[PDB]
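[1] Here come the first chain(s), positioned as in the complex:
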Amino acid sequence: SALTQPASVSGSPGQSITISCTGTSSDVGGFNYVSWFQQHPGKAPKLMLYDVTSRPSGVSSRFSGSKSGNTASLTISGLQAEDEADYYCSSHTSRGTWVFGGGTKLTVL
Amino acid sequence: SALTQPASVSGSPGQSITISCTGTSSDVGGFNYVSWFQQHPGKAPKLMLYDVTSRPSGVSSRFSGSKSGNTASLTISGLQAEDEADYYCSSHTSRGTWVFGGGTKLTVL
Amino acid sequence: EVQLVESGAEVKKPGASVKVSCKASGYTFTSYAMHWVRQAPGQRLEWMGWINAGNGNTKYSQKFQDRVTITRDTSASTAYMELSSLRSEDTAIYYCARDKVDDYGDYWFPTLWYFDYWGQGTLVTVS
Amino acid sequence: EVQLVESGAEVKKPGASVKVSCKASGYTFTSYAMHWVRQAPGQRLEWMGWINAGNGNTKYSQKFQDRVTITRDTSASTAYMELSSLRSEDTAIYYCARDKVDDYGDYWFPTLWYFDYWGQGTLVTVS
């Protein structure tokens, strides 16, 4: 019962690509709880987006996202070289639990 | 779903032997569907007792049965040399299935 | 006056489909019930077969619920009993039964003198 | 100024119980929950954690509710995992995770932010 974000995604520097993830009506379909976690490999994961489209202090305004029912997205406008880390989605069910997506490692070249 | 008669009984020709069977409150202790079947080692079994005590034709009016709560007794008076059979028990349950006894072995010496 | 003969089986394999019949004669077959029961040697009579009737209804025995399929026929006045997906404990002796059906056609209430007559025993093996 | 340091276990053979610790520093420990996630190298994040408070309640994962248990002590300001019955596939990095409980003490709904501040990650292996 995990979310369904794809394997990987690629982007040239300067592009504006998107990362999608689907789910069910208890994961994403009703609730405004969806978060994203950038995780460099020798590093603890750092959160990039709050509830649907909000954003932590220190995180640049390059990161954004939206929700379209069961499907949540993440659009990185202006890819730089330091976006070379996988992005794990997150959600909170109606049941009370927490799920994370599969992970999309993003290369920059 | 089973019956708890003792595995082996004995008795000289002339005395009486009784075989009890403890059933639950749905199969034996509630209903009057309690049967008894002996089985020769070379012959298929045969009907020997009706609902509680009554008998078919054939057998010679010796065997009497009784129900004393959750116990069903098989009284045998006047043992013989050809009665070394396997006196099984039987009960139609409440849900609709039939349960059976494990087995008794009978000798005279 | 009532005799129930059966059909014998020579040798089977665990996983194959054993099959046993019963030629019933001397009485009316179209309105009685036919059970099937298994006896491991010196053990409990495991009640395999179900409540057959003139239309061949079923009553799901719990231990043998998703591993046996039974049929019948009226033109031959016989009853059918076949057990697929055998194993190394199904090898035992088989028997038959007899019971009368209520006059409205349905048979859930059994009668008082159930299991009047029996079969003769056809032994099955595994290899 | 908020730091959550951990402690690492070296090598645990399958069968032995293993426990990890996180030292939550920089905030009031009794008014923030404590979640636990795991990550095998090259795989997902699945959620192991429970819902601490000043109360000390739990909400385990559906996958291994019958596997993990807790203890904690606010006098030491540390929350303790307890993973018994270690298995062969259980080589993973165990991350620490916090979020804030309600102002009424209980943890009924989470905050909109979940894991703003994190831990180190504790590696276990098998042999």
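    Perfect, thanks for sending it. Numbers count the residues shown, from 1 in each chain, chains lettered A, B, ... in the order given.

[2] Can you pull the residues of chain C lying near chain B?
    Residues of chain C found near chain B (Cβ under 8 Å from any Cβ of the partner chain) are C:35, C:37, C:42-47, C:51, C:59, C:61-62, C:95, C:108, C:110, C:112-121. All C-beta atoms are positioned from the backbone trio N, CA, C, and that covers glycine.

[3] Give the closest residue to residue A:30 in space, chain neighbours not counted.
    residue A:94 (7.0 Å; Cβ to Cβ, 6 or more residues apart in numbering or on different chains).

[4] which SSE is the one you found in?
    Take DSSP states H and E as the rule and residue A:94 turns out to sit in neither a helix nor a strand.

[5] following the longest strand along chain C, which helix or strand shows up next?
    The strand that spans the most residues within chain C, counting by DSSP state E, is strand C:18-25. Counting by DSSP H and E, the next helix or strand C-terminal to strand C:18-25 is strand C:32-33.

[6] Just give me the neighbour total for the nearest residue to residue C:40 once chain neighbours are set aside.
    Taking Cβ to Cβ, 6+ apart, and ignoring the residues beside it in sequence, residue C:40 has residue C:92 as its nearest neighbour in space, at 4.5 Å. When counting by other Cβ atoms under 10 Å in any protein chain shown, one arrives at 17 neighbours for residue C:92.

[7] got it, and residue C:108?
    For residue C:108, the neighbour count with other Cβ under 10 Å is 10.

[8] again with residue C:119
    Other residues within reach of residue C:119 by the criterion other Cβ under 10 Å amount to 22.

[9] Residue C:80 now?
    By other Cβ under 10 Å, the residues close to residue C:80 number 20.

[10] swap in residue A:24?
    16.

[11] isn't it right up against residue A:70?
    Yes: contact between residue A:24 and residue A:70 holds when scored by Cβ atoms under 8 Å: they sit 6.4 Å apart.

[12] contacting residues for the closest residue to chain B within chain A?
    Per Cβ to the nearest Cβ, the residue of chain A with the smallest distance to chain B is residue A:95, at 35.3 Å. Residue A:95 makes contacts with residue A:26, as judged by Cβ atoms under 8 Å, 6 or more residues apart in numbering or on different chains.

[13] here's chain E, add it to the model above:
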Amino acid sequence: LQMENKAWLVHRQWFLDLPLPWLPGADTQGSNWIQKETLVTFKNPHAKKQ
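    This next block brings in chain E, placed alongside the chains you saw above:
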């Protein structure tokens, strides 16, 4: 409302007052049908087997 290959636009209070065995819209693994007694019937003709 959306049946097998058609669809309509029905009143909400009409749709909730509708006697058939229902299920919540978020109920995955739809086994627990709720008012099942509006799609079964229990035949007890005489005072015998039902």
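
[14] Could you re-examine the neighbour count of residue A:24 with chain E now present?
    Taking other Cβ under 10 Å as the criterion, the count of residues near residue A:24 is 18.

[15] same question, residue E:15
    Applying other Cβ under 10 Å, we find 11 other residues in the vicinity of residue E:15.

[16] ok, now which ones touch it?
    Counting by Cβ under 8 Å, 6+ apart, residue E:15 has contacts residue E:1.

[17] ok so it is a helix residue?
    Yes: under the criterion used here (DSSP: H, G, I helix; E, B strand; the rest coil), residue E:15 sits inside a helix.

[18] Once you drop chain neighbours, what's closest to the residue nearest the centre of chain C?
    Geometric centre of chain C, nearest residue: residue C:36, 2.5 Å, by Cα atoms, centre = their mean. With Cβ to Cβ, 6+ apart as the measure, residue C:49 is the residue that lies nearest to residue C:36, at 2.6 Å, once sequence neighbours are left out.

[19] Let me know the helix or strand that the residue of chain C found nearest chain A is in.
    Nearest residue of chain C to chain A, counting by Cβ to the nearest Cβ: residue C:66, 27.7 Å away. Following DSSP H and E, one finds residue C:66 outside all helices and strands.

[20] Count the neighbours of it for me.
    Neighbours around residue C:66, by other Cβ under 10 Å: 7.

[21] same check, this time on residue E:20
    Neighbours of residue E:20 (other Cβ under 10 Å): 9.

[22] ok, it - contacts?
    Residues near residue E:20 by Cβ under 8 Å, 6+ apart: E:35, E:38-39.

[23] follow-up on the earlier one: and the residue of chain C closest to chain A, its phi and psi?
    Backbone torsions for residue C:66, taken as degrees, to the nearest 10, come to phi -120, psi 40.

[24] buried sites along the longest strand of chain C?
    By neighbour count on 16 or more other Cβ atoms under 10 Å in any protein chain shown, the buried set for strand C:18-25 is C:18, C:20-22, C:24.

[25] Over to stretch A:15-27?
    For stretch A:15-27, a neighbour-count test (16+ other Cβ under 10 Å) marks A:19-24, A:26-27 as buried.

[26] could those residues go into TSV alongside distance to residue E:4 and secondary structure?
    Listed next are the buried residues of stretch A:15-27 as TSV, based on distance: Cβ to Cβ, whole Å; DSSP: H, G, I helix; E, B strand; the rest coil:
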residue	distance to residue E:4	secondary structure
A:19	36	strand
A:20	31	strand
A:21	31	strand
A:22	25	coil
A:23	27	coil
A:24	23	coil
A:26	26	coil
A:27	28	coil
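
[27] include chain F as well:
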Amino acid sequence: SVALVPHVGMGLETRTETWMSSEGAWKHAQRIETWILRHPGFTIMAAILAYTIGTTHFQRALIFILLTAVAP
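    Adding chain F to the chains above:
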């Protein structure tokens, strides 16, 4: 069953036609009048019972139409 309460007096109607209008608009009068011509004795009974109670001359017609319309 669900063939009753047929979603009629709801509002919600626009200029495009409904699911079955021009058929389910004259079903109830046809149904109650084939009921009348295949069960006339209740209409005679409602004529005597309607003429008895209800003094003024309009109450006979109103009680008669309502008594022959409730019984389907």
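
[28] now with chain F: the neighbour count of residue C:108?
    Under the criterion other Cβ under 10 Å, the count of neighbours that residue C:108 has is 13.

[29] what about the spatially closest residue to it that is not a sequence neighbour, neighbour count?
    Once its chain neighbours are removed from consideration, residue C:108 has its nearest residue in residue E:49; the separation is 5.4 Å (Cβ to Cβ, 6+ apart). Residue E:49 has 13 neighbours, counted by other Cβ under 10 Å.

[30] sec struct for residue E:49, please.
    Of the three states, residue E:49 takes coil under three-state DSSP.

[31] Spatially central residue in the chain, please.
    Just going to use chain A. residue A:36 (3.8 Å).

[32] Chain E, not that one
    The C-alpha lying nearest the average C-alpha coordinate of chain E belongs to residue E:21 (Cα atoms, centre = their mean; 1.9 Å).

[33] what about it, distance to chain A?
    20 Å (Cβ to the nearest Cβ, to the nearest Å).

[34] Now do the same contact list for the residue nearest to that residue when sequence neighbours are not counted.
    In space, not counting the residues next to it along the chain, residue E:21 is nearest to residue E:33; the distance is 4.2 Å by Cβ to Cβ, 6+ apart. The neighbours of residue E:33, taking Cβ under 8 Å, 6+ apart as the test, are E:21-23.

[35] now residue E:33: how far from residue E:3?
    With the distance defined as Cβ to Cβ, to the nearest Å, residue E:33 ends up 17 Å from residue E:3.

[36] Might one say that residue C:20 is in contact with residue C:90?
    No: with contact defined as Cβ under 8 Å, residue C:20 and residue C:90 do not form a contacting pair (11.9 Å).

[37] For residue E:39, list the residues it contacts.
    E:20-21.

[38] and if you look at the one 10 residues further on?
    Shown here is residue E:49, whose contacts under the criterion Cβ under 8 Å, 6+ apart are C:106, C:108-109.

[39] Which strand or helix spans residue C:113?
    Assignment of secondary structure by DSSP H and E places residue C:113 within no helix or strand.

[40] tell me the SS of residue F:59?
    Reduced to three states with three-state DSSP, the structure at residue F:59 is helix.
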